[PDB]
Amino acid sequence: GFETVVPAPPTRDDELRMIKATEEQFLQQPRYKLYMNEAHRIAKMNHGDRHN
Amino acid sequence: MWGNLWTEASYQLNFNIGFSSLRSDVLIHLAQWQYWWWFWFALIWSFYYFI
Amino acid sequence: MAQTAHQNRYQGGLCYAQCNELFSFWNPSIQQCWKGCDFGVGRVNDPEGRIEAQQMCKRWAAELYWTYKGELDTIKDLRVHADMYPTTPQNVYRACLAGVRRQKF
Amino acid sequence: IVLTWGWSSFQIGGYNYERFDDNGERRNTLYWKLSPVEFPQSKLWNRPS
Amino acid sequence: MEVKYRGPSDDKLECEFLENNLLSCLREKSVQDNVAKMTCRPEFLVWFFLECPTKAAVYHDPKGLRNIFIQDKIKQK
Amino acid sequence: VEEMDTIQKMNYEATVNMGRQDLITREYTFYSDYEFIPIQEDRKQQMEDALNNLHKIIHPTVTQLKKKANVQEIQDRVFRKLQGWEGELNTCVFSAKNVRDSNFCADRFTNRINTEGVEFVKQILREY
Amino acid sequence: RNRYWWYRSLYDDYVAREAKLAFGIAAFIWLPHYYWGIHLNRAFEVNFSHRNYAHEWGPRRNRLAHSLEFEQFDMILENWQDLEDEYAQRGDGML
Amino acid sequence: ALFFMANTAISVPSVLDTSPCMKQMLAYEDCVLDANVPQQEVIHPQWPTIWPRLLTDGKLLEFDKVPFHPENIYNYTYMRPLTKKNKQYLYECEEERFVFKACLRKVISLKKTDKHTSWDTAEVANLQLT
Amino acid sequence: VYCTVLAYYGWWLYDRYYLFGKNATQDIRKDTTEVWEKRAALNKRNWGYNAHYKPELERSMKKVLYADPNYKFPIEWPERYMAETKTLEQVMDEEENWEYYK
Amino acid sequence: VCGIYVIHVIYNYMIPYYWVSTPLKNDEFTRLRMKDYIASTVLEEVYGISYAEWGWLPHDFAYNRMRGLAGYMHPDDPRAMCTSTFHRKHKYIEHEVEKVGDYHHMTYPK
Amino acid sequence: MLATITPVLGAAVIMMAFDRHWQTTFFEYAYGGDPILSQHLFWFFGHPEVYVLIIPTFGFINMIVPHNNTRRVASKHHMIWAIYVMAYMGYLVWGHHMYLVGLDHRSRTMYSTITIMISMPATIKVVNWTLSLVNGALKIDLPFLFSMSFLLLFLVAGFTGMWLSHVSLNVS
Amino acid sequence: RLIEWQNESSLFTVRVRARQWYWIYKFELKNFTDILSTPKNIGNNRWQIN
Amino acid sequence: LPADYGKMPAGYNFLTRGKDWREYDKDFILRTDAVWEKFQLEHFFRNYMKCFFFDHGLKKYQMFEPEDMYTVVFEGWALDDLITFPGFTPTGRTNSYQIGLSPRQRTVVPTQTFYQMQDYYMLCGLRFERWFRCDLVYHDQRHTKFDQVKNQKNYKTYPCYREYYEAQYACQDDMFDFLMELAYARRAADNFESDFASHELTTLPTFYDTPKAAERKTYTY
Amino acid sequence: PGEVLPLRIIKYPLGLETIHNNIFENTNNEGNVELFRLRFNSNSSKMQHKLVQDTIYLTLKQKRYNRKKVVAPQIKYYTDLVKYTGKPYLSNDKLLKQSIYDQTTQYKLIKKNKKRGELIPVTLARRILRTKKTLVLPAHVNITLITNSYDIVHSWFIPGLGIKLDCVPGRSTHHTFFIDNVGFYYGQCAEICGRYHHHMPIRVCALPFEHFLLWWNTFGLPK
Ligand code: HEA
Ligand SMILES: CCCCCCCCCCCCCCCCCC(=O)OC[C@H](COP(=O)([O-])OCC[N+](C)(C)C)OC(=O)CCCCCCCCCCCCCCCCC
Ligand SMILES: [Cu+2]
Ligand SMILES: [Cu+2]
Ligand SMILES: [Cu+2]
Ligand SMILES: [Mg+2]
């Protein structure tokens, strides 16, 4: 149970890239899949897919 | 009485008709609500009169 | 969101959505994250505005909880996880900083 | 009995109380801007409750 | 708050107490509190100007204050 | 310690009295209890030295870990082995007849810590 | 609207004449209640304004009075120190 | 509900603060807060004269105090003399302190005379009617 | 059509609650960069941070001192609400060895 | 309506009461927080302040705004989340507050 | 309603007797019991008791007015549905007798909402009485005058009781 | 909205115990410190903790 | 402006003695009712901060606890528990300030575990159990390494202070006394809860029960 | 029961303190942080000492007013020697003057025959609402009231504030308490409790924080 290197807090460019990635992943949710915004959402969605 | 600061709040007389005091926010809200509750009956009241 | 700027979370915009996605739905840290979104509205893009917003987060954490002078300056890890609750000024500061990071424009 | 008395008596009473009795103020008070207001009559005595 | 009104007391004993406190404070603060023991109570100073208008007016008057200072110096030897 | 004011004297008396709870209650003994020969003072010191030697090995690893979960996991992994050895020691010391038996059991426990405990701890820390 | 629909909606019973006559009288019986309620609402607002002022500026005025009294003492102290300087010059001729 | 109260008195404004030297007092207090001085006696502009020991040794009481024993830093704050940093950052607030003291002295110089015929109805001029 | 309108309103509420991220992402792309920058500038508030004294007096020394870009406050604003973590002797020693800029 | 209300109550108040009945080794506080959140925080609370003008005059609204900002100061409160902000002006007229976020203290509306 | 509620009251009072004379500690907090359970059981009996006390008088007024007015009652089916709805909703409002004992806020909101919604079935009765009093051949009788007195008293009592479900007023 | 759900954010705590036919009010020791650490509104709505 | 503007001159005594105050007359504005308002100020103070009365027998200020109007008026002759007035502040400064809520304190056992219930009984039990665990760890080291040391050199705060204060806040003194009786009964026998606990073998699995607990958490800036 | 065993290995809890981002409360003399502890039972027969009661409270017992027999003069000693004996009475101008009357006679005449009228305020007519102590609290601030009862259910009922808190045995109910004005409120018990259900009065004085602090330092701090 080792640990990984913690990178320094991101600069503004890295924050903007993170925001862009989050919004692009937000755009991918089908409108007929009613999963709320939460930390586990994506995980839940994956689970749901497998369940289906 | 706390010096000349009259901390007393009720001053409720005998044959009192309403709330004991209106120095608290809850009772002020209740008094205003009751007055305006009695305001909104006119038409209904008038209706029954004619009946 | 009694401490934030907007009546409902939908007026916050994309930043509030990212704050919701950051923590689990029962985690009260989201509200603190929302305050970060409030601190970095016209400040994130300005190079010194970002530092000002981080200072605002530090002041907010110091005002919510009793804090010591060096306490918020010696945090080893500023990363947050889903189950991070605002039980300490360090957690409040981390949530506020994460909210600041997610404020585009 | 049904309409005129039940819809004007309390307003008349409050108006007379403020006009003549100064709403029952204890006048020996210092600063109006720092004193609570003696409210006019607000509990209707012509309603059963 | 419902604060009632009562004018300045001008009571003989109360104003004597307040004036003794005022004289002690004047003697202490005139030497930047270099006394061995300081008995001045600043708060009562406030009350001296709230309940002894006659003595306050005497103290403001230069001749009255000069007389008070001379008598205090004689008392203190 | 004599010269002090009333408040300081009362505080000193309080601090002294809070440490004599062991003294006051040593007179109240129970007849029906199962007595055992206690671990001797030198064996106590040797066991504490073994524990400090264990803490010497784990200190850099736990102080270089920034996650509380990892440190708690390291603590739990060692504690199971230590608890098995402690159970063996408690059984063999409670069932002891003389001080020689208690010394034998304490020495066995200390030797287990100093021989196998350090090896197990080193393996865990290398894993982390 | 629909006269037939509104003339037997209330449990097939007709009270439309009394409903029609109710509006005219009901248009005036509410005026004293409304005006006195306006008076009461203004009184409540004034009381809340006084509560806000006393909560905020109540403590501040007491500090201002405290500073006024301290300033009176300061003026008296300056005059007393001038007298002390004069007595330091005139060691005992002042008395 | 929506219009249950049927009226809202927006005409009545906030009570106007008509204190003599309130603005100067608040300005001086803000300035002193900027200095970040542990002693609270500095709140009064007359502190150098009322508590002169703040500039020499800080002994403002002759052991007649009840703030508990000196076990933590937040004890005997008035028994702590002003340091060089405190003195500097208080000197930076000297003009506002002087203006406050001048306002106080001018207010003290105001006396009630016989030409104040509007004394018995001074509430209206004080703007107490809303 | 009343049932259809009620169903549409219910679906709108459900979609607003559950697709908040997608809706906000779509809304953020309906305006260009300049418009969003202007809106952000209009909504910029201090929120009570660094609300130190603002000199309104014309002769105030702190007015010129604050106009100076090299002015150092005695303590940083976020540190004005944090408990001291050093002994009183250390505090007094540091303050007595302190020296003013300029 | 009554049946829907009762089903809503039993969904989040009765049944979740039985989820945790013993002390938990892992993330006990997390699980207890989950159970409590799905019950303590209700939707109506937000409206209770989103339309505060229905009974709060301007000055009473200002005083209750400072009071609410004080009373919901604690960060670890999921009920403070999902509650409409107190950093708002009275819809009819606002006396104390000139701008929404122009304060001298972060946790005080003035 | 009495058939539904009688066993609960019987169990509550039997438990009280056992607690008094056998020290079963049913309502003693020290070793497991809870005093609030007694209030829950008693009021679950008690509110339906007041409803079973009041409904037959509603029956009394609904017979005299049609008898003396020489016309059918305004709507008998709606009055029957109103009393049945009041009876059914009387089982979910007992907690308005226990607002201050420290019930969870969800329970208080449920009890208050259902208690306030009682005003709608009760208004149906008043409207039906008023509509049954019009457009008919009226014969003034002593039972009729007693019915009018009942109508006034019930109006006042019902309005005042509706006020009591306003939780903030109920605290005072 | 004003008289409930605010237990966490309170200046200090008082315990009211109702024995039969008189009341008992208890102030815990911590309250003392809680009364020493109280922000004060100084100047133009600026708060200071001593 | 000199380069030393704002620098305090050496030996500055902050003294205003012999100073011309006629130069500041343009830096402040006094309204026409300044003379009237001043009096009002004094009046209010004289009747608001005067919760003490001068006594002729003692010739000093005395006071008593807050009392109702009936007792002050119709029992003024029968006054009990008169204490000499000590002053609002020790140094005579002003204390009339508007107060607010101080910053909260860190929580070890959150209140949000049981917050739907207005009555804190399960929360009281939980907090006391956590404190009792911490105490079972440190109870016998208190007088040698913690608050109860003889000399302040080795003074350290007891590790369970925060949990103790949380448990005290959540529990009334009666329930706290019951729990202290239980704590004594379990500390006399040295009954650690881990010696008996087995219910984790009869509890449903959860995502939080994974063997790799440290790697379950995803960290993100 | 059983025994305190000869040796116990105790895990030091980690992360209970986050004051300065340190999760190791303990450190030995060598400087190495400690994860475990050894506890020994030296004496196998001695009893274990009871937990010392840390809790210390300022307790105010508010009971109904007790009738006086005589008006005792104010007496201050130097000890056992009367330094000053006086008969103070609070004058209408707020001065503790020396009374020229017989205070016992005034007390007994008020007790016997006092003038009353139809429209007499509750301030001047207190017969069931009198207590010997007052609960003093600050105004415009938040107080958590923990309500509980020793024996049976009572109701702390303040009509002026329009509040009522049910004190229930075994229930430590937390209430928020905010008073937005300076006020002296009387109150009663509003849950049937026995003989003195009627005579169970309450007096709560909400004061500004300066006056509350003066009361706290003068009457609360000395315990
Ligand atoms: C049979 C008698 C009876 C009846 C019919 C009712 C009917 C109602 N009661 Fe009553 N109640 C009691 C007897 C009764 N009650 C008793 C004995 C107690 C004591 C319990 C205890 O000791 O705690 C009690 C207690 C009690 C309480 C608790 C008080 C407290 O806790 O001590 C409450 C509120 O929570 C309440 C409410 C209601 C309501 C909403 C109705 C509704 O059913 C009323 C329905 C009527 C309407 C709402 C329609 C009104 C008609 C109009 C058209 C209104 C317009 C008219 C005008 C404006 C005048 N009741
Ligand atoms: C929910 C419903 C409630 C009401 C339902 C019905 C039941 C109650 C019925 C009451 C009936 C009236 C009783 C009171 C009668 C006196 C009125 C009174 O004193 O009111 C007090 C009010 C208020 O008096 P006040 O000014 O002293 O107010 C009280 C003031 N305080 C409280 C401060 C002390 O007085 C008036 O309103 C006086 C003016 C009206 C006078 C009317 C006189 C003429 C009557 C005409 C009758 C009809 C025509 C006849 C023609 C014949 C031709 C031949
Ligand atoms: Cu009921
Ligand atoms: Cu009782
Ligand atoms: Cu009782
Ligand atoms: Mg009850």
# chains A, B, ... in the order shown; residues from 1 in each chain; ligands from 1
>>> residues_around(residues="residue C:61", least_positions_apart="3", cutoff="7 Å", atoms="only C-alpha atoms", output="list in words")
residues 57, 58, 64, 65, 89, 92 and 93 of chain C
>>> residues_around(residues="residue J:83", least_positions_apart="4", cutoff="9 Å", atoms="only C-alpha atoms", output="VMD selection string")
(chain C and resid 1 to 2 7 to 8) or (chain J and resid 43 to 50 79)
>>> write_last_selection(atoms="N, CA, C and O atoms", output="mmCIF file, in the first residue's frame")
data_model
loop_
_atom_site.group_PDB
_atom_site.id
_atom_site.type_symbol
_atom_site.label_atom_id
_atom_site.label_comp_id
_atom_site.auth_asym_id
_atom_site.auth_seq_id
_atom_site.Cartn_x
_atom_site.Cartn_y
_atom_site.Cartn_z
ATOM 1 N N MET C 1 -27.389 26.818 0.657
ATOM 2 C CA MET C 1 -26.363 27.746 0.201
ATOM 3 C C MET C 1 -26.561 29.107 0.852
ATOM 4 O O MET C 1 -26.470 30.144 0.198
ATOM 5 N N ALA C 2 -26.817 29.088 2.162
ATOM 6 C CA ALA C 2 -27.114 30.321 2.882
ATOM 7 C C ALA C 2 -25.944 31.294 2.857
ATOM 8 O O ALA C 2 -26.148 32.509 2.947
ATOM 9 N N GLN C 7 -29.577 32.341 -5.160
ATOM 10 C CA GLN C 7 -30.745 31.749 -4.516
ATOM 11 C C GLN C 7 -30.778 30.237 -4.697
ATOM 12 O O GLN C 7 -31.090 29.499 -3.756
ATOM 13 N N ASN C 8 -30.471 29.757 -5.898
ATOM 14 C CA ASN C 8 -30.433 28.331 -6.177
ATOM 15 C C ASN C 8 -29.116 27.985 -6.852
ATOM 16 O O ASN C 8 -28.461 28.835 -7.458
ATOM 17 N N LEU J 43 -36.794 19.675 0.883
ATOM 18 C CA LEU J 43 -36.805 20.708 -0.149
ATOM 19 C C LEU J 43 -37.429 22.002 0.359
ATOM 20 O O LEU J 43 -36.911 23.094 0.087
ATOM 21 N N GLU J 44 -38.513 21.899 1.138
ATOM 22 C CA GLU J 44 -39.295 23.077 1.507
ATOM 23 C C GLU J 44 -38.431 24.175 2.110
ATOM 24 O O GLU J 44 -38.705 25.365 1.901
ATOM 25 N N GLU J 45 -37.371 23.794 2.830
ATOM 26 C CA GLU J 45 -36.529 24.772 3.511
ATOM 27 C C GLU J 45 -36.069 25.872 2.563
ATOM 28 O O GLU J 45 -36.079 27.054 2.929
ATOM 29 N N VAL J 46 -35.709 25.515 1.325
ATOM 30 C CA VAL J 46 -35.190 26.527 0.408
ATOM 31 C C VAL J 46 -36.256 27.586 0.145
ATOM 32 O O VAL J 46 -35.999 28.793 0.257
ATOM 33 N N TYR J 47 -37.494 27.146 -0.109
ATOM 34 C CA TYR J 47 -38.573 28.101 -0.319
ATOM 35 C C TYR J 47 -38.761 28.983 0.903
ATOM 36 O O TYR J 47 -39.025 30.184 0.765
ATOM 37 N N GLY J 48 -38.554 28.425 2.096
ATOM 38 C CA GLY J 48 -38.742 29.158 3.331
ATOM 39 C C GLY J 48 -37.929 30.432 3.378
ATOM 40 O O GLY J 48 -38.246 31.351 4.139
ATOM 41 N N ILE J 49 -36.877 30.501 2.567
ATOM 42 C CA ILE J 49 -36.110 31.730 2.432
ATOM 43 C C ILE J 49 -36.135 32.282 1.013
ATOM 44 O O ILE J 49 -35.908 33.490 0.826
ATOM 45 N N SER J 50 -36.478 31.474 0.006
ATOM 46 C CA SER J 50 -36.504 31.975 -1.363
ATOM 47 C C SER J 50 -37.607 33.001 -1.580
ATOM 48 O O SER J 50 -37.497 33.828 -2.491
ATOM 49 N N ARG J 79 -28.039 21.051 5.833
ATOM 50 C CA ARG J 79 -29.271 21.823 5.723
ATOM 51 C C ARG J 79 -29.000 23.257 5.287
ATOM 52 O O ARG J 79 -29.834 23.861 4.604
#
>>> residues_near_ligand(ligand="ligand 2", cutoff="12 Å", atoms="only C-alpha atoms and all ligand atoms", output="PyMOL selection string")
(chain B and resi 15-18+38+41-42+45-46+48-49) or (chain D and resi 1-24+40-49) or (chain G and resi 32) or (chain K and resi 152-153+155-157+159-160)
>>> interface_residues(of="chain D", to="chain E", cutoff="12 Å", atoms="only C-alpha atoms", output="PyMOL selection string")
chain D and resi 25-38
>>> interface_residues(of="chain N", to="chain L", cutoff="8 Å", atoms="only C-alpha atoms", output="ChimeraX atom specification")
/N:55-64,135,141-154,167,174-178,193,196-197,199-202,221
>>> residues_around(residues="stretch 52-67 of chain H", least_positions_apart="3", cutoff="10 Å", atoms="only C-alpha atoms", output="number ranges by chain")
E: 29-34, 36-41; H: 39, 41-42, 46-49, 70, 74-83, 87; M: 12-15, 89-91; N: 217
>>> residues_near_ligand(ligand="ligand 3", cutoff="7 Å", atoms="only C-alpha atoms and all ligand atoms", output="JSON, numbers by chain")
{"K": [46, 47, 93, 94, 96, 97]}
>>> write_last_selection(atoms="N, CA and C atoms", output="PDB file, in the first residue's frame")
ATOM      1  N   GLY K  46     -56.637   9.057  21.155  1.00  0.00           N
ATOM      2  CA  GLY K  46     -57.343  10.249  21.574  1.00  0.00           C
ATOM      3  C   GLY K  46     -57.917  11.136  20.497  1.00  0.00           C
ATOM      4  N   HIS K  47     -57.162  11.419  19.437  1.00  0.00           N
ATOM      5  CA  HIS K  47     -57.758  12.231  18.375  1.00  0.00           C
ATOM      6  C   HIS K  47     -58.941  11.532  17.712  1.00  0.00           C
ATOM      7  N   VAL K  93     -52.986  12.440  12.401  1.00  0.00           N
ATOM      8  CA  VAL K  93     -52.859  13.781  12.952  1.00  0.00           C
ATOM      9  C   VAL K  93     -52.666  13.785  14.458  1.00  0.00           C
ATOM     10  N   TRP K  94     -52.557  12.616  15.096  1.00  0.00           N
ATOM     11  CA  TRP K  94     -52.449  12.585  16.552  1.00  0.00           C
ATOM     12  C   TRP K  94     -51.226  13.348  17.038  1.00  0.00           C
ATOM     13  N   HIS K  96     -50.154  16.162  16.373  1.00  0.00           N
ATOM     14  CA  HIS K  96     -50.332  17.572  16.692  1.00  0.00           C
ATOM     15  C   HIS K  96     -50.591  17.795  18.173  1.00  0.00           C
ATOM     16  N   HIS K  97     -50.849  16.735  18.931  1.00  0.00           N
ATOM     17  CA  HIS K  97     -50.911  16.819  20.381  1.00  0.00           C
ATOM     18  C   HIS K  97     -49.543  16.679  21.032  1.00  0.00           C
TER      19      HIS K  97
END
>>> residues_near_ligand(ligand="ligand 6", cutoff="9 Å", atoms="only C-alpha atoms and all ligand atoms", output="CSV table (one decimal) with N, CA, C and O atoms, in the first residue's frame")
chain,number,residue,atom,x,y,z
K,97,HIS,N,-50.8,16.7,18.9
K,97,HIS,CA,-50.9,16.8,20.4
K,97,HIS,C,-49.5,16.7,21.0
K,97,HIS,O,-49.4,16.8,22.3
K,98,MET,N,-48.5,16.4,20.2
K,98,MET,CA,-47.2,16.2,20.8
K,98,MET,C,-46.1,17.0,20.0
K,98,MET,O,-45.0,16.5,19.7
K,99,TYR,N,-46.4,18.2,19.7
K,99,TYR,CA,-45.5,19.0,18.9
K,99,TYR,C,-44.2,19.3,19.7
K,99,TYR,O,-43.1,19.3,19.1
K,100,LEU,N,-44.4,19.6,21.0
K,100,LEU,CA,-43.2,20.1,21.8
K,100,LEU,C,-42.5,19.1,22.5
K,100,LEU,O,-41.4,19.4,23.1
K,101,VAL,N,-42.9,17.8,22.5
K,101,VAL,CA,-42.3,16.7,23.2
K,101,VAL,C,-40.9,16.4,22.6
K,101,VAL,O,-40.1,15.6,23.2
N,153,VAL,N,-42.1,15.1,33.3
N,153,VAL,CA,-42.1,16.1,32.2
N,153,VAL,C,-42.6,17.5,32.7
N,153,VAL,O,-43.7,17.5,33.3
N,154,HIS,N,-41.9,18.5,32.5
N,154,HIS,CA,-42.3,19.9,32.7
N,154,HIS,C,-42.2,20.7,31.4
N,154,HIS,O,-41.8,20.2,30.4
N,155,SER,N,-42.7,21.9,31.5
N,155,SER,CA,-42.7,22.7,30.3
N,155,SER,C,-42.2,24.1,30.6
N,155,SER,O,-43.0,24.9,31.2
N,166,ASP,N,-40.3,21.6,26.2
N,166,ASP,CA,-40.7,20.5,27.0
N,166,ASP,C,-39.5,19.8,27.6
N,166,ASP,O,-38.7,19.2,26.9
N,190,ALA,N,-45.9,24.6,32.0
N,190,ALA,CA,-47.1,24.3,31.3
N,190,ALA,C,-47.3,22.8,31.0
N,190,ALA,O,-47.8,22.4,30.0
N,191,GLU,N,-46.8,22.0,31.9
N,191,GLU,CA,-47.1,20.6,31.9
N,191,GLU,C,-47.4,20.1,33.3
N,191,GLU,O,-46.6,20.4,34.2
N,192,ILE,N,-48.5,19.4,33.5
N,192,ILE,CA,-49.0,19.1,34.8
N,192,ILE,C,-48.0,18.3,35.5
N,192,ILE,O,-47.5,17.3,35.0
>>> residues_near_ligand(ligand="ligand 1", cutoff="6 Å", atoms="only C-alpha atoms and all ligand atoms", output="MDAnalysis selection string")
chainID K and resid 50:51 53:54 96:97 115:116 118:119 122:123 155:156 158:159 161:162 164:165
>>> atom_distance(atom1="atom CA of residue H:22", atom2="atom CA of residue E:52")
25.0 Å
>>> select_by_dssp(residues="chain K", states="alpha helix (DSSP H)", output="PyMOL selection string")
chain K and resi 2-22+35-69+76-89+105-116+119-132+142-164+167-171
>>> atom_distance(atom1="atom CA of residue C:3", atom2="atom CA of residue J:85")
5.9 Å
>>> interface_residues(of="chain G", to="chain M", cutoff="8 Å", atoms="only C-alpha atoms", output="MDAnalysis selection string")
chainID G and resid 55:56 59:66 78
>>> interface_residues(of="chain N", to="chain F", cutoff="12 Å", atoms="only C-alpha atoms", output="PyMOL selection string")
chain N and resi 1-18+21-24+26-54
